[PDB]
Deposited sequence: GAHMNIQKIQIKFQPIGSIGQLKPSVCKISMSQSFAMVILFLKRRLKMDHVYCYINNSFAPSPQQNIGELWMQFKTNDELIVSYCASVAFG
C-alpha cells in the first residue's frame, strides 16, 4: 500500500490515505472528522470527482506537488 498526501482545504488538514481507496472513502473520512453530511468535496476547487474514482489515480492526475488538494464546503 503506497500512501499519498491529501490536503483538506476548507473553503468558506494534511493526511495520508492509501492509493487503493476510493474517493467515496475520502469523503466519509472527512465527514467523520467534521461530524457532518452537508460537506461537498472538490479537487483543486474545480470539480467533484465521482465517488467511485480511485484516489491514487486522482492523485497522479491532479496532484499539486505531491499533495492532492481536496476543497470542501457545506454550484459549479
(Q) From the N-terminus onward, what segments of the deposited sequence lack any C-alpha atom in this model? (A) 1-5, 18-24, 87-89
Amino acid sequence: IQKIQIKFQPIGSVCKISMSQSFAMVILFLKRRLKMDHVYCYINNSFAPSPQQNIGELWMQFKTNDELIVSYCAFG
From here on, numbers count along this sequence of modelled residues.
Q: Would you tell me which stretch averages the higher CA B-factor in the PDB entry, 30-38 or 46-54?
A: 30-38
Q. What third of the chain, by the recorded C-alpha B-factor, contains residue 13?
A. highest
Q: Going by the recorded CA B-factors, say which third of the chain residue 21 sits in, lowest, middle or highest.
A: middle
